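Structure at a glance
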Amino acid sequence: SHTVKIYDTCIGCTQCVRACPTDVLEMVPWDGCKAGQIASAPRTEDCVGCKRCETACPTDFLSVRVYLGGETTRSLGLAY
Amino acid sequence: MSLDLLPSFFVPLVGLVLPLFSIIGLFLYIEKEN
Amino acid sequence: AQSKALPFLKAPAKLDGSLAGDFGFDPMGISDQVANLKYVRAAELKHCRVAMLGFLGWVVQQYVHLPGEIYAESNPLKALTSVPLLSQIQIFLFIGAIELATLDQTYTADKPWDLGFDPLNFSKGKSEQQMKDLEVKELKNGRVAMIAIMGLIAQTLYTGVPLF
Amino acid sequence: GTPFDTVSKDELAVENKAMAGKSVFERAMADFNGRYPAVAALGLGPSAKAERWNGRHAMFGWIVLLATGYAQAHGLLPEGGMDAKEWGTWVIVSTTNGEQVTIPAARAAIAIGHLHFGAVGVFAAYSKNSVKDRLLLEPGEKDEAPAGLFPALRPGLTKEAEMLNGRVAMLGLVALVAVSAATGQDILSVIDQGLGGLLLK
Amino acid sequence: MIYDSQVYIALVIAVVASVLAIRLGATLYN
Amino acid sequence: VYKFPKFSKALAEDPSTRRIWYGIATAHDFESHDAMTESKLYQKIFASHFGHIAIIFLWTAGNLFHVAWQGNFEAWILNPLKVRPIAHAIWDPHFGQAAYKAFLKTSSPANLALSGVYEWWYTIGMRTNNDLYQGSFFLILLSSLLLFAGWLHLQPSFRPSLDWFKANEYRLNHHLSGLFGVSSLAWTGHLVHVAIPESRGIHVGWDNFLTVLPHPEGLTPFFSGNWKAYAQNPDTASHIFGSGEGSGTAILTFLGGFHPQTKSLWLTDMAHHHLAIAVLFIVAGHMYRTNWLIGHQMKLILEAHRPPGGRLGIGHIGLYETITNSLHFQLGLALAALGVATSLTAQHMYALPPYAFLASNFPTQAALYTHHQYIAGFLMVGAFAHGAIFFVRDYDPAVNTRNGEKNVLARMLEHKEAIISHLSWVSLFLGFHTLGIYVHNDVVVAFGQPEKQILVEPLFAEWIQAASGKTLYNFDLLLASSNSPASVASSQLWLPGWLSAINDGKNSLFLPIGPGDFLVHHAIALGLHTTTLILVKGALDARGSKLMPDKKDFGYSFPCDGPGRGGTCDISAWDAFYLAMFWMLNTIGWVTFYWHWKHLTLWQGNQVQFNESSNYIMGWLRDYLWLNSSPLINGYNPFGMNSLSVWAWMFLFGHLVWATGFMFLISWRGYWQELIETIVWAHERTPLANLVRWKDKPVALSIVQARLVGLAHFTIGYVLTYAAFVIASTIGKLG
Amino acid sequence: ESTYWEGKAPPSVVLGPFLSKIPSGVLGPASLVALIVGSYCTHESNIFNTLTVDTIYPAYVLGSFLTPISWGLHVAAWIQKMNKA
Ligand code: CLA
Ligand code: CLA
Ligand code: CLA
Ligand code: CLA
Ligand code: CLA
Ligand SMILES: CC(/C=C/C=C(C)/C=C/[C@@]12O[C@]1(C)C[C@@H](O)CC2(C)C)=C\C=C\C=C(C)\C=C\C=C(C)\C=C\[C@@]12O[C@]1(C)C[C@@H](O)CC2(C)C
Ligand SMILES: CC(/C=C/C=C(C)/C=C/[C@@]12O[C@]1(C)C[C@@H](O)CC2(C)C)=C\C=C\C=C(C)\C=C\C=C(C)\C=C\[C@@]12O[C@]1(C)C[C@@H](O)CC2(C)C
Ligand SMILES: CC(/C=C/C=C(C)/C=C/[C@@]12O[C@]1(C)C[C@@H](O)CC2(C)C)=C\C=C\C=C(C)\C=C\C=C(C)\C=C\[C@@]12O[C@]1(C)C[C@@H](O)CC2(C)C
Ligand SMILES: CC1=C(/C=C/C(C)=C/C=C/C(C)=C/C=C/C=C(C)/C=C/C=C(C)/C=C/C2=C(C)CCCC2(C)C)C(C)(C)CCC1
Ligand code: SF4
């Protein structure tokens, strides 16, 4: 399964979570930004690696980073 | 058996039999489990 | 200082005490690279035994020959080519048969030179000091033979006189 | 060289006390089985199954060599060479000066007979569930126990009798090849000499 | 022209070099 | 599906066919294997080196055996200029009678030998098919030795440690002195003892070598210091090679130039060369410090080399630990040196042929030059790729930095933009203007007015030729003058031989050059600069850029970084190697095209055809490719076939593999995954085939794998088609 | 140790424990003498008299080797002079 990391440059704009096609990211409470929220990656087993999450990231060099790793039938997007 | 019969003895042997046994072994090995 | 053979040098670290025949003779420090002295002692003893047998065969072939004609060559180096390849390949196969089991044995054992060869039981009942003395005798004689067999080969290749 | 160790102390050989005693045959078998599993488990290599099968084949082949000598002596074994126009250029052996020396027809016929026997063997190999004695060892099956230096003296149609005769036939083939190579005559010539003359007569 | 003995023993020596190759191959592990 | 990539558990858990593909392509990347240490890495590399040397020796032994068994070496000895060497016999069941007849040579169909091994072995003193058999036997014995050593050094008590592997001074002392100097000394011994008398008709074999004196005086002059005695009475100008007629007694001489009969370097010249090289390398092998308190510690040498004014930063202080701890830095250095060395071999073995009767073997000359130049390009690209790998995975900025200031290597990443920008400027400059002049010549000649061509005389290169003694350009410079100090100095040592060879129209020594040579050399410079630009850009930008400032965290080879932020195709350092392989192939193609056309015109005699038509592109296309491709394509026609039929088949095969590479390069993934899904559905939903199901899920090749496969097809097709063309064209044009 | 340097001249340890103890007043004149001798030997073996097989003269050859050496001797002389030696 791929690896997804969140960095404290998160501004809690939720654009990553609402762009994930496989429900990998979610918004959790935080105290490091104005919005009081930070993205989390608790379901990386469903991560497919499409990187839509970081295409919607407005922070300078990203706050969500997807590191491709071992492959799985879920991560390979295999309907068969 | 003359020396000129060695090509006809070896070329089929190598170029057909060795592929067959090598394919058998490689397929068996790469299709193994744990 | 600690070398008996070269009373002025200090021997290397691995040359001490046990492994009879240890006279501190390793000026080049070859023992510093080998992990232990087991394999090098096995090789030295194999060379010693082969050289003893070679010197004995050299002299005997100089004086005594088998009844057949193919063994009538007096020069050992000329007999190396005069003797039929069948005899030499049989000798080589016998040596290789002895050598493969000992090949498994040598690289792992604590005493690779101890092949268990004692048909006459010359070591049964001997004390530790007597056994060490026998080992020293064997090593001495083997080193002298090695020097001697190399000298015989050189003098036969350089003058054609196989002896004296 | 001197300021370091060429071989680390953690990588040192340990004497295998598990092979104490264990005459060279047992030691060699154990070393082969431990070093090469999945081919030892199949019965291949220095194994009693392989020895039995090779002994059977050696006896049958002593019979085949006698038959071949008889056929050569008695005017059988067709004459000439194969037809290159009929069987392609793969049967051509050499072209000395404008003539094509082909594979002898006798060699082709003997190869066809050996193909018959080898095909029978291949069928028996891929017929494991219907043959009395299989070629390879089943997973779980254990190799029959080595017979030793001298197998038991049990006359008749016994495992020991077949074992002894197979060993004898294989040794005879080894001796025949050694005599032919050392002296320089044909294999059938050596068999003829070793039968007095009653084969190629 | 080389003889049958010359080619035969070269083939036999080549076999020995083959057994040494698989021993190195198997020692470099599966 | 749980035990093929034993070295990688991540791959072994892949349920798709990608596991098998990646298992092959990651087998030799030992540093990335599971449960990996440095000691195991060096030990495995050591054993692999032993196996590799064994493979090389077995290959040489096979060549020797097949020349001895199925060749015509003995017949070629008696008539080297008319008898064509035979590589090995052919037994192919698919042959028709016509193919058998056409390939028939003496007793069996056989392949002509284009490796030049006949001339090489003849020069070093081989005259019998039993001498070759002895060499094959000895080489198989050496291969057995190396295999045994490789097995032995994986045993527990014989596995070397990291300190032994990283002992730089010991390895350098031994490599230099022992390997180079002592191997040169032994080669001089063989050259003299065997080769020198064998060229003079005296047989020196493994029987009469302890009793046949290489020199009549016999080691007396060497110890006495009268070393001139070994140079007295050299081979005359009427010496027949391999025979005692007109021979001499000297063993070490300066003669220069070529043998008047074989048109190759004097054997006594090469023996003296190897003796001098042996002495020099044995001397140079005592430089570095070992257990006897004298020598050099290269760490101190590197650290002490900082310019005092300060322009290289802190110097080379951190380079010792950088190189020692990285196997990719050393591999890149070795590959670059080997590439330069084999380029040197290619450039010198045609200008200065070292083997008897090799100058008149035109197909083997072309094959050797092309082979060595292609190997050179491969080695250079590999050196740069491993430099990039070192940057990605072995480079440590902390080691190469002392108190903020950066060492000589770390400073290469500071002006990396300057380096890349200037490489780009040079590449654009050369490309723009070389193409401009070529197209100007194309248009001007096409319009029927060739006098308006822009033809620049290569005066700088012709100046060098005159400096070495060529009196063809009327420069009267250094050796073209008999009064210059350069000429008076060697007027008694090697000028008469050298001048007689350089000033000869039948040699390839310093071929006469014109405007076509100028333009093609500028094309070669453009190719070199562009390949260097791609490789250097990939190496320096390997650790990151503006588009990917964390590229080092993704490794040397990864597909991309995604679809956003613009795009991100071919952004990895591996992709820079992949792109530079095309430019290396193009540059080597230009070099080999130039060499082959120049030598085809020289051998055929119509050197005016090259000098006139080489200045414009259509000249190349019409007079090299279209003209010399006629014999090759008519290797088989609807009327018959020739022994060149195999070369035409290889020509078409290379074209096919090239275009399959085009498949794998133009069409990317994603288009092949959906098609594979359709095929999977078809197999799953069809009777009589549902009984058979795959164990690994069939998936499309990965992006990096697809790039590799397309590059492999491109390169294999390129090499095969050009080898077929050059060989068949030379054979069919020059008889 | 610590052959690394950043001042005006390197420490005398870079000359080895044989040249580190030579006074600069010895190395300097020795370097000049070696350079002159090597240049003369080179100009006597060649240039002034053309080389020949019969005329090699190990003195001129060995001599000529003092020219490359001279370079090192005067470099060491400067290093010693700047290090108050
Ligand atoms: C080194 C490689 C190699 C070798 C030696 C051969 C050899 C051969 N090929 Mg072949 N081939 C190869 C690679 C090779 N191929 C590859 C890679 C391809 C794909 C590009 C092809 C594609 C190809 C085609 C398309 C055809 C051949 C054919 C042939 C046969 C030549 C025609 C002839 O006169 O025989 C005549 C053949 C016979 C009289 C009978 C031969 C039948 C087999 C080969 C005999 C094997 C005996 C075997 C030991 C039996 C085992 C026991 C069994 C009874 C249980 C010959 C056996 C032709 C052929 O014969 O087709 C069968 C043919 O049509 N080949
Ligand atoms: C690497 C060297 C090399 C190469 C490329 C070849 C190539 C060839 N040999 Mg050959 N050969 C070699 C060495 C080599 N030989 C040596 C050293 C010997 C002496 C034993 C022979 C003896 C020999 C004979 C007797 C015959 C050939 C034949 C042939 C041709 C058909 C292939 C064949 O039947 O092989 C058979 C080869 C052998 C039985 C000998 C083994 C070859 C070497 C020792 C193994 C090299 C392995 C290599 C390094 C890597 C292996 C990769 C592997 C793991 C996949 C082919 C041109 C045949 C021929 O001429 O047909 C026209 C033929 O009849 N060879
Ligand atoms: C005298 C002792 C000696 C000798 C002969 C060797 C020899 C060798 N060692 Mg070695 N080694 C030694 C001592 C020695 N070593 C010591 C003491 C150590 C420990 C410090 C090592 C540690 C060591 C390692 C760790 C490895 C080796 C390896 C090798 C092999 C290199 C591969 C090869 O075949 O190259 C053959 C090369 C030649 C015959 C010569 C090449 C000729 C060049 C290319 C031409 C250059 C000419 C010119 C300069 C070109 C430029 C033109 C000019 C104008 C600039 C080679 C057999 C490697 C190997 O393969 O292991 C099996 C390896 O991995 N050695
Ligand atoms: C002695 C030289 C040498 C050595 C020791 C290495 C060693 C290494 N290289 Mg390297 N390399 C070299 C030369 C060398 N290379 C050269 C010359 C180039 C330029 C072409 C490269 C380019 C290169 C790249 C781009 C990469 C490496 C990598 C690696 C590492 C892993 C290798 C691997 O996985 O193999 C895998 C082996 C294969 C995939 C087999 C490929 C076989 C090719 C396709 C040829 C086979 C086709 C054949 C010709 C068939 C003929 C067709 C017929 C019809 C005629 C390893 C440390 C990789 C790495 O990760 O390094 C850390 C990596 O990414 N190297
Ligand atoms: C010469 C180069 C070349 C070749 C051979 C092909 C071949 C093919 N392309 Mg194409 N393609 C090419 C260049 C080429 N392409 C380029 C440059 C592009 C870039 C735009 C594409 C883009 C492209 C797309 C987008 C598609 C194809 C498709 C296809 C396939 C059509 C089905 C077919 O005929 O399969 C049969 C195979 C052949 C005709 C190839 C030769 C096979 C020989 C003649 C017969 C078998 C030989 C035998 C098995 C050999 C065995 C021996 C061996 C093991 C040693 C076929 C594999 C389509 C596809 O997926 O297939 C439906 C498809 O959708 N291609
Ligand atoms: C053979 C030998 C010893 C052999 C002993 C054997 C086999 C013992 C075997 C056993 O004990 C075991 C192992 C185990 C027991 O349970 C069983 C037996 C079987 C009992 C020693 C030779 C030892 C041989 C020696 C020391 C030889 C020295 C030779 C010299 C000095 C020669 C010099 C010259 O040859 C030159 C150099 C040049 C010539 O021209 C001039 C001269 C002078 C002739
Ligand atoms: C001699 C022999 C093996 C000898 C092995 C020895 C000494 C091993 C010694 C070691 O193990 C020890 C002791 C200890 C180990 O640590 C070390 C070593 C040294 C390794 C095998 C012969 C083996 C001989 C064999 C297997 C013969 C097989 C013959 C067959 C199958 C018959 C075939 C035919 O019938 C056909 C097929 C058709 C007919 O036309 C033709 C014919 C030929 C008649
Ligand atoms: C067993 C054998 C053949 C057995 C054949 C059988 C079973 C055939 C069975 C059949 O069903 C078939 C298959 C097919 C049916 O249609 C026919 C029958 C008949 C029904 C041959 C052995 C053949 C055995 C031979 C040839 C042995 C040769 C031995 C030699 C030379 C020994 C030499 C030495 O003994 C000395 C001299 C001195 C010692 O110190 C050293 C050595 C070397 C050991
Ligand atoms: C990336 C990288 C890398 C790589 C690199 C490379 C690959 C490089 C290349 C390089 C090269 C490839 C170089 C070349 C060089 C050359 C030279 C430098 C030459 C010189 C020459 C000379 C100097 C000569 C002279 C002369 C003349 C001219 C005349 C005659 C005589 C004389 C000799 C005088 C590495 C790994 C390292 C590291 C990391 C980074
Ligand atoms: S890849 Fe990016 S987008 Fe696709 S799931 Fe994993 S996180 Fe959400």
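Here we look at the UniProt feature "binding site: [4Fe-4S] cluster 1" (unreviewed entry) in chain A
Residues and elements named next belong to chain A. Those places that UniProt annotates as "binding site: [4Fe-4S] cluster 1" (unreviewed entry) correspond, in this numbering, to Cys-10, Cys-13, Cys-16 and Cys-57. Over a stretch of 48 residues, the named residues converge on one spot in the fold, their C-alpha atoms separated by at most 10.2 Å. Locating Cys-13 in the fold gives a position in the loop between β1 (3-6) and β2 (26-29). If near-sequence neighbours (up to four positions away) are discounted, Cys-13 is found in contact with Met-27 and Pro-58. Inspection of the secondary structure assignment puts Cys-16 in the loop between β1 and β2. Each residue touching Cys-16, except ones within four places of it in the same chain, is listed here: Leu-25, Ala-39, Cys-53, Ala-56 and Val-64.

Let's talk about the site of ligand 7
Residues and elements named next belong to chain D. Close contacts around ligand 7 come from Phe-25, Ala-28, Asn-54, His-57, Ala-58, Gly-61, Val-64, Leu-65, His-114, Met-170, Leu-173 and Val-174, and that covers them all. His-57 places a polar main-chain atom, nitrogen or oxygen, 3.4 Å from an oxygen atom of ligand 7. Between an oxygen atom of ligand 7 and a side-chain N or O atom of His-114, the distance comes to 2.5 Å. The protein chains hide 48% of the 990 Å² of surface that ligand 7 would expose on its own. Every element with two or more residues in the shell around ligand 7 is listed here: α1 (24-35), α2 (48-73) and α5 (159-183). No other element matches the six residues that α2 contributes to the shell around ligand 7. Broken down by class, the residue content of the shell around ligand 7 amounts to eight nonpolar, four polar and no charged.

Points about the interface of chain F and chain E
Counting residues at the interface gives 20 residues for chain F and 14 residues for chain E. It is F:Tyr133, F:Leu147 and F:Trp151 in chain F that bury the most area against chain E; as a group they hold 31% of the surface buried on that side. Counting the contacts that link chain F with chain E gives zero salt bridges. Applying the counting criterion to the chain F and chain E interface returns two residue pairs in polar contact. Elements that contribute at least two residues to the side of chain F that touches chain E include exactly α3 (38-70) and α7 (129-152) of chain F. Looking at which element gives the most residues to the side of chain F that touches chain E, the answer is α7(F), with eleven residues. Tallied by class, the residues present in the side of chain F that touches chain E amount to eleven nonpolar, six polar and three charged.

Observations regarding the site of ligand 9
All names here are of chain F. Around ligand 9 lies a shell formed by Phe-329, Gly-332, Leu-333, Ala-336, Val-340, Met-380, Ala-383, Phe-384, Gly-387, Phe-390 and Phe-391. Taken by itself ligand 9 offers 950 Å² of open surface, and the protein chains cover 36% of this. For the shell around ligand 9, the secondary structure elements donating two or more residues are α14 (327-351) and α15 (362-393). At six residues, α15 tops the list of elements feeding residues into the shell around ligand 9. Class assignment for the residues of the shell around ligand 9 results in nine nonpolar, two polar and no charged.

Thoughts on the side chain of A:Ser63
All names here are of chain A. With respect to the secondary-structure elements, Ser-63 resides in the loop between α1 (52-55) and β4 (64-67). Here the side chain of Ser-63 touches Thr-9 through a polar contact of 2.7 Å, side chain to side chain. When sequence neighbours within four positions are dropped, the list of residues in contact with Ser-63 reads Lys-5, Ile-6, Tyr-7, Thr-9, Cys-10 and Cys-57.

Comments concerning the pattern of salt bridges
Residues and elements named next belong to chain F. According to the stated counting rule, one finds 40 salt bridges over all chains in the structure shown. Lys-416 serves as the salt-bridge partner of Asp-541, at 2.9 Å between the closest nitrogen and oxygen. Placement of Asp-541 in the loop between α20 (515-540) and α21 (573-604) and of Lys-416 in helix α16 (residues 416-446) is noted, with a sequence separation of 125 residues between them. A relative accessible area of 13% means that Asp-541 is categorised as buried. On the basis of relative accessible area, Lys-416 is assigned to the buried category, the value being 11%. A salt bridge links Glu-684 to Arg-685, with the nearest nitrogen and oxygen atoms 3.9 Å apart. For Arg-685, a relative accessible area of 56% puts it in the exposed group.

Here we look at the environment of G:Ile79
Residues and elements named next belong to chain G. The residue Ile-79 is located in helix α4 (residues 66-82) in this model. Distance in space between the C-alpha atoms of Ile-79 and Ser-20 is 9.3 Å, their sequence separation being 59 residues. Once residues within four sequence positions are removed from consideration, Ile-79 is found in contact with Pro-10, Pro-11, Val-14 and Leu-15.

Quick look at a nonpolar patch on the surface
A contiguous nonpolar surface patch, about 1,100 Å² in accessible area, is contributed by B:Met1, B:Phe9, B:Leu13, B:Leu16, B:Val17, B:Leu20, B:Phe21, B:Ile23, B:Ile24, B:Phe27 and B:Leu28. Position of B:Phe27 relative to the elements: it lies in helix α1 (residues 6-30).

Describing the nonpolar core
Residue and element names in this part refer to chain F. Membership of the largest hydrophobic core comes to 74 residues, with the highest contact counts inside it found for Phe-391, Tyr-556, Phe-577, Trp-620 and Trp-647. At the level of elements, α14, α15, α16, α20, α21, α23 (617-633), α24 (645-666) and α26 (703-733) are the ones that each hand at least two residues to this core. If one sorts the elements of this core by residue count, α21 sits on top with 17 residues. Leave out the neighbours within four places in its chain, and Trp-647 touches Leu-114, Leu-632, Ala-724, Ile-727 and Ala-728. Formed by 34 residues, the second largest nonpolar core is a distinct cluster that contains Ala-61, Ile-77, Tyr-118 and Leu-139.

Quick word on the packing of α15(F) against α26(F)
All names here are of chain F. It is at 8 Å that the axes of α15 and α26 come closest, and there the two elements cross at 160°. As the angle between them shows, α15 and α26 are arranged roughly antiparallel. As α15 runs across α26, the sense of the crossing is right-handed. Of the residues in α26, those in contact with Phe-362, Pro-363, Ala-366, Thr-370, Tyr-374 and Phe-378 of α15 are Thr-715, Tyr-718, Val-719, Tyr-722, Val-726, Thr-730 and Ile-731. Broken down by class, the residue content of the contact of α15 with α26 amounts to ten nonpolar, three polar and no charged.

Digging into the interface of chain D and chain F
At the junction of the two partners, chain D supplies 16 residues and chain F supplies 20 residues. Between chain D and chain F, the buried area comes to about 1,500 Å², and carbon and sulfur atoms account for 52% of it. Three residues, D:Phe4, D:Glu11 and D:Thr89, lead the burial of chain D against chain F; their summed loss comes to 37% of the area buried on that side. Counting the contacts that link chain D with chain F gives one salt bridge. For F:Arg159, the salt bridge identified is with D:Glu11, shortest N-O distance 3.4 Å. The interface formed by chain D and chain F contains six residue pairs in polar contact. The element that contributes the greatest number of residues to the side of chain D that touches chain F is strand β1 (residues 92-95) of chain D, accounting for three residues.

What counts, and where the lines are drawn
- Residues numbered from 1 in each chain as written, not as in the entry; some residues may be left out.
- Chains lettered and ligands numbered in written order.
- Part of a larger assembly, values for the part shown.
- Heavy atoms only, no water.
- Residues with missing side-chain atoms left out of burial classes, pairs and counts.
- UniProt positions renumbered as here; feature names shortened; annotations may be inferred.
- Helix = DSSP H or I, 4+ residues; strand = E, 2+ residues; numbered from the N terminus.
- Contact = heavy atoms within 4.5 Å.
- Near = heavy atom within 4 Å.
- Polar contact = N/O pair within 3.5 Å; in protein donor to acceptor, adjacent residues only side chain to side chain.
- Areas by Shrake-Rupley, 256 points an atom, 1.4 Å probe, with all protein chains shown as cover.
- Nonpolar A, V, L, I, M, F, W, Y, C, P; charged D, E, K, R; others polar.
- Buried area = accessible area lost by both parts, 1.4 Å probe.
- Salt bridge = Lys/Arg side-chain N within 4 Å of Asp/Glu carboxyl O.
- Buried < 20%, exposed > 50% of the residue type's maximum accessible area, 1.4 Å probe, protein only.
- Patch = residues over 30% accessible without salt bridge, like charges linked within 9 Å, V, L, I, M, F, W, Y side chains within 5 Å.
- Core = buried A, V, L, I, M, F, W, Y, C linked by side-chain atoms within 4.5 Å.
- Axes fitted to C-alpha atoms, helices over the stretch in contact; angles between N-to-C directions.
- Parallel < 35°, antiparallel > 145°, perpendicular 65-115°, else oblique.
- Left-handed = near helix turned anticlockwise from the far one by under 90°.

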